[PDB]
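For what it's worth, the entry's author numbering labels the leading residue of the sequence shown as 241, then goes sequentially.
Okay, structure first, notes after.
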Amino acid sequence: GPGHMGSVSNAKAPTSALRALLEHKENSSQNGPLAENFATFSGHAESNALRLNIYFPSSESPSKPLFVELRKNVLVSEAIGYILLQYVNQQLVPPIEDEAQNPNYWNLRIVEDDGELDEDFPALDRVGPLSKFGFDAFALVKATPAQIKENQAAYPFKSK
């Protein structure tokens, strides 16, 4: 014959040559335990995730901004929530309160390309989607009970 008698000829060598496919130790993963809840909104698998930068004015080291990838549908609240992961990784010395992670305690204000504080614009939060303005940079602005009360008024706080 012009070739092999058998039809559709091909090489014999299945990928699963090994009996087991590299068994994992115990549900091991690159994602951190805390990251499980947060990384869910990070859009790690989403290449269309919005980038975000931070610049705290109260901090003495503003040269260290927070870089994270967030989905186009997740709210701002997730932006700060990631701060916990970076804090450990960068071991930032500046002391940050645990309750300050929530937007209810502090507010996030937009800044110019020069990092200047814009008082003319509102402070985005859980009620203000990050992708709404399409900005990849923000700053932490101090909020008092008066402002906090108003912020939670629009978005009622759910009980733990």
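Here a beta-carbon is modelled for each residue, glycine too, at the ideal position from N, C-alpha and C.
Rounded separation between residue i and residue j - CA only
| i | j | result |
| --- | --- | --- |
| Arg311 | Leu262 | 32 Å |
| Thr255 | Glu286 | 28 Å |
| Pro335 | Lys400 | 25 Å |
| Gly368 | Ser301 | 27 Å |
| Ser317 | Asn342 | 7 Å |
| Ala394 | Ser268 | 41 Å |
| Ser247 | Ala253 | 18 Å |
| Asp365 | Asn347 | 7 Å |
| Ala319 | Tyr327 | 13 Å |
| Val381 | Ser299 | 12 Å |
| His244 | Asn250 | 10 Å |
| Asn313 | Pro242 | 60 Å |
| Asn391 | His264 | 46 Å |
| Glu337 | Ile323 | 12 Å |
First through last residue of the beta strand (DSSP E) which encompasses residue i
| i | result |
| --- | --- |
| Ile294 | 290 to 294 |
| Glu309 | 308 to 310 |
| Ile350 | 347 to 350 |
| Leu380 | 377 to 381 |
Within 8 Å, strictly: CB atoms of residue i and residue j
| i | j | result |
| --- | --- | --- |
| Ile388 | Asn344 | yes |
| residue 217 | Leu315 | Here the chain has residues from 241 to 400 only, and residue 217 is not among them. |
| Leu325 | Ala275 | yes |
| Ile294 | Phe378 | yes |
| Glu352 | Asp360 | no |
| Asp376 | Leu258 | no |
Contacts around residue i, its chain only, beta-carbon distance under 6 Å, and the 5 residues preceding and following it disregarded
| i | result |
| --- | --- |
| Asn271 | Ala279 |
| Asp354 | none |
| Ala383 | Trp346, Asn347 |
Beta-carbon separation (whole angstroms), residue i vs residue j, contact threshold 8 Å
| i | j | result |
| --- | --- | --- |
| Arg349 | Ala363 | 5 Å |
| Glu309 | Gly283 | 6 Å |
Own chain partners of residue i with C-beta closer than 8 Å, once the 5 adjacent residues on each side are dropped
| i | result |
| --- | --- |
| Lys304 | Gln330, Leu332 |
Where the alpha helix (DSSP H) through residue i begins and ends
| i | result |
| --- | --- |
| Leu315 | Looking at the DSSP string, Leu315 is not in any alpha helix (DSSP H), and its letter there is neither H nor E. |
| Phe281 | 273 to 282 |
| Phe361 | Here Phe361 belongs to no alpha helix (DSSP H), and DSSP marks it neither H nor E. |
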